[PDB]
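Here's a solo chain for you in structure tokens, the form deposited in one PDB entry.
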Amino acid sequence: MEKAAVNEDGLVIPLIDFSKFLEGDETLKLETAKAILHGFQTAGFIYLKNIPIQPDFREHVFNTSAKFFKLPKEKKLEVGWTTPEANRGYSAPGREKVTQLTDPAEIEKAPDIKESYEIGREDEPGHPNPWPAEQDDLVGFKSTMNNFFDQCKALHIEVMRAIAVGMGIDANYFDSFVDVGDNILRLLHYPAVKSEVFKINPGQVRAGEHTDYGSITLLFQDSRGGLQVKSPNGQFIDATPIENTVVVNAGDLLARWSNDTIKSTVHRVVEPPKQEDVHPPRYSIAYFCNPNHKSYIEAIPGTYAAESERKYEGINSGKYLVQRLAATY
């Protein structure tokens, strides 16, 4: 095993070689799957290295993302969300506008310093992706992003197999729960920002603390830093960027699905841990994996020894997620 990616305040996030799961004999594969699962059961986060997604293609996806966010605001808004529940296209958090009708109670006004672009699967009636015009630097944007979507789709399936192998159940247990690919590819851009912004403003952050809603999130980050994970002792710990890794974390739905054997951990993005006048732009890409909308989510076999140990009632996956997202708007 590699040295842990993070080891502080009781938070241990392992660094795991995923090729040893995909290519190993039964025994090396099992060992790797146990390490993966152990990570999810303790930190709720792992780093994976040597995944089947190529570094040059990943670099290209990041360059493609930055070309999109370099578009004028008015062009990015052209691919904004078509409705509030679309969950597809361009978004930027906005603070409420003060007007002569804003009363003293409403004056408690900071939003995430970020913008995003969300892409779902291309074969979903009622939920098409709003693609930008393929011209100048955005030629190939669609094929690049759809490609990356499908590679992340495959990686999700394989992470779930590692979880199944680690649990000692059928390797393919999750396949029929996730095969629709009801996943969201989220491109993120955190603009350049003066460090003084954070000196003046108290709890200004790049992304507010939260847990993810779904099963698994695959997080690709650049070298800027700023991602933090809450330790079991209540303190935020830097998830330092490691070249050519993917950070993988469990979401609330998997915590539940696992009967709380797996952790969904609070995390956030703050100022990078680098002292500088101006913090340059930070790019990341989160691929939110979910069970099929129609899936009924109840305790995974092996996560409870008896009926009484089942902590949660069953729920429909689609329903749960729209509930969590409706509240977000």
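Numbering starts at 1 and runs along the sequence shown. Under this definition, the rigid core comprises the largest set of C-alpha atoms superposing within 1.5 Å between the forms. Residues that one form lacks are left out of the comparison.
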Unresolved deposited residues lying between neighbours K109 and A110 | 4 to 9
Using the B-factors recorded in the PDB entry, average over the C-alpha atoms of 34-42 and of 273-281, then report which stretch comes out higher.
-> 273-281
Per the entry, where is the mean C-alpha temperature factor higher: 254-262 or 166-174?
-> 166-174
Of the choices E158, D182, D222, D136, which one's C-alpha carries the largest B-factor in the record?
-> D136
Top residue by Cα temperature factor, when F57, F68, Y296, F288 are compared in the entry = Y296
Quick one: classify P14 as lowest, middle or highest third of the chain based on its Cα B-factor.
-> lowest
Of the three thirds of its chain by CA temperature factor, lowest, middle or highest, which one includes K114?
-> middle
Using the B-factors in the PDB entry, rank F148's C-alpha atom against the chain and give the third, lowest, middle or highest.
-> lowest
Should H189 be placed in the lowest, middle or highest third of its chain by the C-alpha B factor in the entry?
-> lowest
Name the third of the chain's ranked CA B-factors that contains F141, choosing lowest, middle or highest.
-> middle
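Although not depicted, the form deposited in another entry is the subject of the following passage.
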After fitting the rigid core, tell me which of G234, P84, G80, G168 has its Cα displaced by at least 2 Å between this form and the one not shown.
-> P84
CA of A154, rigid core aligned, shift of 2 Å or more between this form and the one not shown | no
Does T102 count as moved between this form and the one not shown, where moved means a C-alpha shift of 2 angstroms or more after fitting the rigid core?
-> yes
Residue runs (3+) with all C-alpha shifts of 2 Å or more between this form and the one not shown, core-fitted, in sequence order, are 81-86, 97-109
